[PDB]
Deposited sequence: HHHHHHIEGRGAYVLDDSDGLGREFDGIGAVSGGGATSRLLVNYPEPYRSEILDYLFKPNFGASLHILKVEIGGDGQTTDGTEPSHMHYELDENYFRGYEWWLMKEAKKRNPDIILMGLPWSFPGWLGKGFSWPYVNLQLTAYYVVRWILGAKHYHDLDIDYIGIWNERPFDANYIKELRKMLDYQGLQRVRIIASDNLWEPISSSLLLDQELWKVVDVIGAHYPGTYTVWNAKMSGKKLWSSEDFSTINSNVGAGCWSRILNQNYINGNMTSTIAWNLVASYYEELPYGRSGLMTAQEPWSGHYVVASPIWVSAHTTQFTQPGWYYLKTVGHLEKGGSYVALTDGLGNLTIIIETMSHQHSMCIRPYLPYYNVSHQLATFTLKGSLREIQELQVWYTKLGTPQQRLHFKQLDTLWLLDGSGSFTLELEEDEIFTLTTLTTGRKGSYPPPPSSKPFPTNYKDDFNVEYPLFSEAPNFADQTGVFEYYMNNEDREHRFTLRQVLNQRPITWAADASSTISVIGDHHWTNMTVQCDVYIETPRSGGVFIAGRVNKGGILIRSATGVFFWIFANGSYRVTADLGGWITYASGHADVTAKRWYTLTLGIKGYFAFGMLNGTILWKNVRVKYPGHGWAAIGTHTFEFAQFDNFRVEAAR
């Protein structure tokens, strides 16, 4: 009926910020090649203060060369003795975020690791000092090459922690002058990290934040007892429809109310990956068409604004937060400087389901709520008002509220699926850019000759690696193939996902069904080496081992094979071919209806081979195992 807001008995917990994840894996892949001004506009909707999502926190994957949900991300150390701090796109992203908001909080976390760290095993805890050296290199590089201060470092995403590793990581950080870097653990469930902190004083000292994933707004007794900051260090992961926006709205409030969690971080930041990859369109907004420039400022962007534009890390929650009599919730925060922000949501069960976990039904119905400002809040006469209605009206500023009658009280009519932000702050703004170009399919005629002498990014645009890692490569000693694309992994990573046994990068339009793919290929490994080109590739990401399609393989022992699957269990055709290592060949693969054909150097190798139909999927290139190979003059023409 009447809800009292008051700071007289003191304050709740310190608010640490709202953020999002870029990574786990290759979620920002297609953002980098957006033409201006659209690329920069997207970044503004995400990071510019008092504009759009105005994020307080950016968490990135520390690429480990393994598949990590929608692709692989390149490591700074592919091999022992290798160091390169300019691969991939996380450095660029962190810098773009920092330019817009210098006070943004930066976090890094590994999902996979390069295989060499395992010293023979697929395990990162074989040599604790070596693994810690690898991670700390990344942090130092962020500073030395990009002027980035990494604020938080994690352990091993959704995988076991080793208490001794965590201790060694703290030692190593301090030893390299990174005492300011804080450690969050263990990016999994509340246990066993929470109980481990109670049983081990030395571990307790080195862990600054307990970060749990998909907690369903709740925590556990051992975590409260630890006295540590508690973050939902990964949450959301729901399609950015109105339903997704409701889920985000509800957990933003209730993670603190129900679970004492003072930060929530959404996976993922922006859906810049092919939608038919796992968890498609599960970012705060959508930018999956760099070829057209089309992007969508999705609902969760404005849901974010309701908190992020009106709070900052370092504000405090009030003791006075809770649930509404007839459903929904309210939180309230101050800055200690007389400001006050009040965030109210009334998300109905049917329009706010997250994918993890699914909540049993709860009722929400029309209600009236009366708020009274006791303590030092009483001295406030006036509030700005922001309003959103999901279903749709977004981040609409309403008429200022006045409490001049000395009552220190006000009342609201609340329906379902609504958010209200009531704040003293005047700085609010629904940021706006002109609409971007209409959506368009991937170009039905496409080519890349990779002839770029000084590329801005380490890989050609639109190629999304799903196992292995592909990079621009310059070979001066050859004039006919001076600039190519090269697969650079020579051993399987310490994997997070189930990476394929063959490397593969996909590109184009998953809807494609009739297509002709061509590429010059070059096998580097004598006797045992092999490469392929492919069409109708129907799965990737964490499901990359499941991929079917039409795969045209050639091998350095003078053979070829046509398969239905990436795993090569199912044969469409096979035979001999004049193919050896260290020689350039042109491969052509044509697929139409029930039939396919393959060419070697313009000459037919196999023809009218029956394949499964109907079928559809991307084009692709790859290598038989984790082995060096080069590709050049890529072409695809397709019909959707």
(Q) Need the unmodelled segments of the deposited chain, numbered from 1, in order. (A) 1-10, 402-405
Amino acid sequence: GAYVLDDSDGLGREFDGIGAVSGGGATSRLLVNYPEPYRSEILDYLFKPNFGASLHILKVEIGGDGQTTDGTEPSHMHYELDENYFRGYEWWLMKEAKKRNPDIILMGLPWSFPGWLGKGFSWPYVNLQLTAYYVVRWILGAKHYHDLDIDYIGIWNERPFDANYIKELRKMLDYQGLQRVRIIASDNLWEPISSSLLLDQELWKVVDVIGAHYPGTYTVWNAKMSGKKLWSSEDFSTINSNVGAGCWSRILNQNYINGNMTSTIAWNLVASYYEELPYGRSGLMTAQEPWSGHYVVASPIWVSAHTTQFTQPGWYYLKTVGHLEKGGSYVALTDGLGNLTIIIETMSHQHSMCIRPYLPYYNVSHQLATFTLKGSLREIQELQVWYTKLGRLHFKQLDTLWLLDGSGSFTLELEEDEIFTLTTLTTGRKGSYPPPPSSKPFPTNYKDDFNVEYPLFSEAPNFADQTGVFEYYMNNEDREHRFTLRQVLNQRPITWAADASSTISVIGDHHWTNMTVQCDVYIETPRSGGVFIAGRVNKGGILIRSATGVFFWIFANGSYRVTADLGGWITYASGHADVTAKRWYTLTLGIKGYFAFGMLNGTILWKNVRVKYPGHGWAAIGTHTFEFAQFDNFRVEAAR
From here on, numbers count along this sequence of modelled residues.
Q: Give the stretch, out of 551-559 and 488-496, with the larger mean C-alpha temperature factor in the deposited entry.
A: 551-559
Q.
Tell me which stretch has the larger mean Cα B-factor in this entry, 25-33 or 41-49.
A. 41-49
(Q) Among 114, 141, 328, 160, where is the Cα B factor highest in this entry? (A) 328
Q. Which has the highest CA B-factor per the PDB entry: 209, 353, 153, 543?
A. 353
Q: Consider only the C-alpha atoms of the modelled residues in this chain, order them by B-factor as the entry records it, and name the third containing residue 525: lowest, middle or highest.
A: middle
Q) For residue 137, does the deposited CA B-factor place it in the lowest, middle or highest third of the chain? A) lowest
(Q) Among the modelled residues of this chain, does the Cα B factor of residue 57 put it in the lowest, middle or highest third? (A) middle
Q) Lowest, middle or highest third of the chain for the C-alpha temperature factor of residue 204? A) lowest
Q.
Per the entry's values, where does residue 9 land by CA temperature factor relative to the rest of its chain, in the lowest, middle or highest third?
A. highest
